[PDB]
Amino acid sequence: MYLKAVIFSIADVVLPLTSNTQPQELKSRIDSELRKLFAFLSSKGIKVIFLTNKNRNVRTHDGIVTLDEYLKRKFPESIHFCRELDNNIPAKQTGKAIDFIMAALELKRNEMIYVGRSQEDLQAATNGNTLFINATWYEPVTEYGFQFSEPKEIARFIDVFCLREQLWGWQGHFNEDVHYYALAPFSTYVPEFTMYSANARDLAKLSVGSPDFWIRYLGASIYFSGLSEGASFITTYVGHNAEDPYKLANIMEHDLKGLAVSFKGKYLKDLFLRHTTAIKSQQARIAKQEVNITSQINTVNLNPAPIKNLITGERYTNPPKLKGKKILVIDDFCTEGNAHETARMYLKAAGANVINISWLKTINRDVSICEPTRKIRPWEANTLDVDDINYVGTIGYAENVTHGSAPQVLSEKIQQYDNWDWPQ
């Protein structure tokens, strides 16, 4: 399987620290929900690990016990790594404690995830290149998403996204620097199809799924397939309209920020600029006119001054340093690759290594891999002739659909997720 152990810190996860005043009803409910989570993990053969610095005394309605005895009594069959009890264990903050746990359990790094809340635990997981699961049931977080508001949500995430062999519905490579992934195949070639709700009165603004569903799908599939390893940036593509280019990003920004935090990366919402309104590729296709990649190349470029501080709005003063950096590029659906190949062309010209990820792969359409014959100056507007494109190869649809993947399988995954409850 993919997930073999879950590391839990204690502060504001198993026992509150920040607040004196957590209601007893909350502690009892969290204790009971953690019991369910650990039993669920045990039933799946997933180990439960506690990682702590101090063997502090804990006051019980029965008396005072050490933290080790407390955890052993309430959550038996967990494995407690406590620096005070084992001088072997290196520091948490630097990520070294994760290396130690990996060796002790004979597990690979991305065979574990890390549930925490304290800043030291976020640092421990990210510096240890382990997926961070931000537990916010004792202390809330407002700055970004990809959160987990109660223990049940961790079980939901694991059960829905982390236990099946196929993390991607479609995936393929070309040459050595071209890597394409999509979560699920889907029919996008119908005049009716749109990824965004038709009515602004709906609280759901995506037509398929929801932000919670998609960020958790993305996070699981990217992490357990190894794509997050060494990734510095995550970014989304831009819509065709120069007046409204950030529709997907505006819906998903909150969650993409949190996924970036969990990978020790940065979400660059406006790394791409749509400087001139482009032909809408989907609409050209339904009009049965051919889509040419220069319609994208000639209307987008890399933003030399993206937002560096999504809280403050402060922009980079010099273009972000992308040379030698790994960037995850997200778009909603991929048909023939015009959008992703343009994203890749610009980022590759800036020296980056690129991973092209989509929620959906259009059924029965192959991706054409392109390289420019005119040198791209990626931080400014470029204008290429159709003859400036070298079509070097193909990532086909049919041969790269993964076993068992299908649009109906996505629909049932969404149903499974939306209605999820403790498996009875």
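So that there is no doubt, residue numbering starts at 1 and follows the sequence shown.
Stretch comparison (246 to 254 versus 309 to 317) by mean CA B-factor in the PDB entry places 309 to 317 on top.
Mean CA B-factor, 41 to 49 versus 60 to 68: the higher value falls on 60 to 68. In this entry, the residue among 329, 302, 154, 204 with the greatest C-alpha B factor is 204. Comparing the listed residues 282, 262, 118, 294, the entry records the largest Cα B-factor for 282. Residue 239: CA B factor lies in the middle third for its chain, per the PDB record. Placement of the Cα temperature factor of residue 370 within the chain: middle third of the modelled residues, per the deposited record.
Residue-level temperature factors show residue 126 in the middle third of its chain, judged at the C-alpha atom. Compared with the other modelled residues of the chain, the Cα B-factor recorded for residue 218 ranks in the lowest third. Ranked within its chain, residue 394 lands in the middle third, by CA B factor from the PDB record.
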